[PDB]
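For reference, the structure discussed in these notes is given below.
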Amino acid sequence: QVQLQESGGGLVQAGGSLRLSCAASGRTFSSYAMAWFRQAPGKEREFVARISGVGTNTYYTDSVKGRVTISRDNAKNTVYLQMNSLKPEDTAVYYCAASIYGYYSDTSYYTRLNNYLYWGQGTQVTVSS
């Protein structure tokens with residue numbers, strides 16, 4: 001058995017900063033994959049990051065490399081992201097969810113709605129000027 005929690009979620013204007021996090025309780029996170037997705041208005045949904053509970057073969061968006069911080073801990077089973085100088089292209093709803101897994105090259109093998117143990121609680125980002 002595991003529990004999930006979400007924090008830091010909020011809406012901040014252009015040139016400001018935003019910090020996002022997901023946390024899990026229990027020691028079996030090595031069989032629960034976290035996945036991050038983005039919904040931009042007028043477009044289809046896209047993937048952002050693929051988080052593996054064993055600490056191996058993780059994926060993330062390279063377009064923000066060195067502009068954001070990404071922190072992950074397999075002892076605590078927690079995830080923290082930090083973002084600075086927000087822009088109009090960041091205007092979206094972000095989602096995080098956790099599903100039962102063993103190993104992957106893509107979270108699409110474990111993105112079934114029955115295999116997600118916990119999902120929703122998305123963060124909308126409202127940008128101005």
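Residues are referred to by chain and number: the chain letter is A, B, ... according to the order shown in the structure tokens, the number counts from 1 in that chain, and ligands are numbered separately from 1 in the order shown.
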
For this session: Excluding residue 12 (chain A) and any residue of its chain fewer than 6 positions from it, enumerate the residues within 8 Å of it, using only C-alpha atoms, and give them as a ChimeraX atom specification.
Result: /A:18,86,125-127

For this session: Fewer than 2 positions away in the same chain doesn't count, so skip those; otherwise give me all residues within 6 Å of region 49-63 of chain A, counting only C-alpha atoms, as a PyMOL selection string.
Result: chain A and resi 29-30+33-36+65

Exercise. Smallest atom-to-atom distance to residue 97 (chain A): which of A:16, A:32, A:40, A:84, using only C-alpha atoms?
Worked result: A:32

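When only C-alpha atoms are used to compute distances to residue 118 (chain A), the closest of the residues A:6, A:44, A:90, A:106 turns out to be A:6.
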
For this session: Could you give me, as a PyMOL selection string, the residues within 8 Å of region 109-117 of chain A, counting only C-alpha atoms and dropping anything in the same chain fewer than 6 positions from it?
Result: chain A and resi 97-101

Write to file, as an mmCIF file, in the first residue's frame, the residues of the selection just made, with C-alpha atoms.
data_model
loop_
_atom_site.group_PDB
_atom_site.id
_atom_site.type_symbol
_atom_site.label_atom_id
_atom_site.label_comp_id
_atom_site.auth_asym_id
_atom_site.auth_seq_id
_atom_site.Cartn_x
_atom_site.Cartn_y
_atom_site.Cartn_z
ATOM 1 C CA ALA A 97 0.067 10.468 -11.591
ATOM 2 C CA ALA A 98 1.509 7.114 -10.336
ATOM 3 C CA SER A 99 1.063 3.610 -11.912
ATOM 4 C CA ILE A 100 2.179 0.003 -11.190
ATOM 5 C CA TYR A 101 5.335 -0.976 -13.216
#

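The two atoms in question, CA of residue 124 (chain A) and CA of residue 92 (chain A), are spaced 5.9 Å apart.
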
Exercise. DSSP says strand (DSSP E or B) for which residues of chain A? Put them as a ChimeraX atom specification?
Worked result: /A:3-7,17-25,32-39,46-51,59-60,65,68-73,78-84,93-100,116-118,123-124

For this session: For residue 67 (chain A), list every protein, DNA or RNA residue within 10 Å, evaluated using only C-alpha atoms, and leave out those in the same chain fewer than 6 positions away; present the list as number ranges by chain.
Result: A: 82-85

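Picture a line from CA of residue 37 (chain A) to CA of residue 93 (chain A); it runs 8.5 Å.
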
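Among A:80, A:95, A:119, A:103, the residue with the shortest atom-to-atom distance to residue 21 (chain A), counting only C-alpha atoms, is A:80.
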
For this session: Find the spatial neighbours of residue 77 (chain A), counting only C-alpha atoms, within a cut-off of 10 Å - ignore same-chain residues fewer than 6 positions away - and output them as a VMD selection string.
Result: chain A and resid 4 22 to 30 53

Just write the chosen residues, N, CA, C and O atoms, as a PDB file, in the first residue's frame.
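Wrote it out as again_9.pdb, contents follow:
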ATOM      1  N   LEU A   4      -0.235   9.127  -1.980  1.00  0.00           N
ATOM      2  CA  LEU A   4       0.336  10.259  -2.727  1.00  0.00           C
ATOM      3  C   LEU A   4      -0.154  11.615  -2.184  1.00  0.00           C
ATOM      4  O   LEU A   4      -1.290  11.736  -1.715  1.00  0.00           O
ATOM      5  N   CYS A  22       5.567  16.502  -6.005  1.00  0.00           N
ATOM      6  CA  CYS A  22       4.772  15.313  -5.699  1.00  0.00           C
ATOM      7  C   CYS A  22       5.550  14.432  -4.706  1.00  0.00           C
ATOM      8  O   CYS A  22       6.759  14.227  -4.845  1.00  0.00           O
ATOM      9  N   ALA A  23       4.856  13.900  -3.705  1.00  0.00           N
ATOM     10  CA  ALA A  23       5.417  13.056  -2.650  1.00  0.00           C
ATOM     11  C   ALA A  23       4.626  11.747  -2.523  1.00  0.00           C
ATOM     12  O   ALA A  23       3.408  11.733  -2.722  1.00  0.00           O
ATOM     13  N   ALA A  24       5.309  10.658  -2.170  1.00  0.00           N
ATOM     14  CA  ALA A  24       4.696   9.366  -1.884  1.00  0.00           C
ATOM     15  C   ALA A  24       5.163   8.794  -0.532  1.00  0.00           C
ATOM     16  O   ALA A  24       6.325   8.944  -0.141  1.00  0.00           O
ATOM     17  N   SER A  25       4.253   8.119   0.173  1.00  0.00           N
ATOM     18  CA  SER A  25       4.512   7.441   1.455  1.00  0.00           C
ATOM     19  C   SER A  25       4.503   5.918   1.284  1.00  0.00           C
ATOM     20  O   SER A  25       3.667   5.377   0.555  1.00  0.00           O
ATOM     21  N   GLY A  26       5.421   5.230   1.971  1.00  0.00           N
ATOM     22  CA  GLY A  26       5.714   3.799   1.795  1.00  0.00           C
ATOM     23  C   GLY A  26       7.029   3.537   1.045  1.00  0.00           C
ATOM     24  O   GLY A  26       7.616   4.442   0.443  1.00  0.00           O
ATOM     25  N   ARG A  27       7.509   2.286   1.110  1.00  0.00           N
ATOM     26  CA  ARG A  27       8.844   1.852   0.629  1.00  0.00           C
ATOM     27  C   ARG A  27       8.830   1.098  -0.709  1.00  0.00           C
ATOM     28  O   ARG A  27       9.891   0.828  -1.272  1.00  0.00           O
ATOM     29  N   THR A  28       7.648   0.795  -1.246  1.00  0.00           N
ATOM     30  CA  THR A  28       7.440   0.039  -2.502  1.00  0.00           C
ATOM     31  C   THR A  28       7.414   0.914  -3.764  1.00  0.00           C
ATOM     32  O   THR A  28       7.031   0.454  -4.839  1.00  0.00           O
ATOM     33  N   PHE A  29       7.868   2.172  -3.680  1.00  0.00           N
ATOM     34  CA  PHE A  29       7.969   3.103  -4.817  1.00  0.00           C
ATOM     35  C   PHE A  29       8.782   2.536  -6.001  1.00  0.00           C
ATOM     36  O   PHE A  29       8.520   2.880  -7.149  1.00  0.00           O
ATOM     37  N   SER A  30       9.696   1.590  -5.756  1.00  0.00           N
ATOM     38  CA  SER A  30      10.420   0.816  -6.783  1.00  0.00           C
ATOM     39  C   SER A  30       9.528   0.045  -7.780  1.00  0.00           C
ATOM     40  O   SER A  30      10.022  -0.354  -8.837  1.00  0.00           O
ATOM     41  N   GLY A  53      11.062   4.584 -10.076  1.00  0.00           N
ATOM     42  CA  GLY A  53      11.257   4.443  -8.626  1.00  0.00           C
ATOM     43  C   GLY A  53      12.545   3.724  -8.208  1.00  0.00           C
ATOM     44  O   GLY A  53      12.964   3.843  -7.057  1.00  0.00           O
TER      45      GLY A  53
END

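Each of A:128, A:39, A:17, A:5 was checked against residue 88 (chain A) using only C-alpha atoms; the smallest atom-to-atom distance is that of A:128.
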
Exercise. Using only C-alpha atoms, which residue out of A:43, A:11, A:96, A:105 lies closest to residue 120 (chain A)?
Worked result: A:96
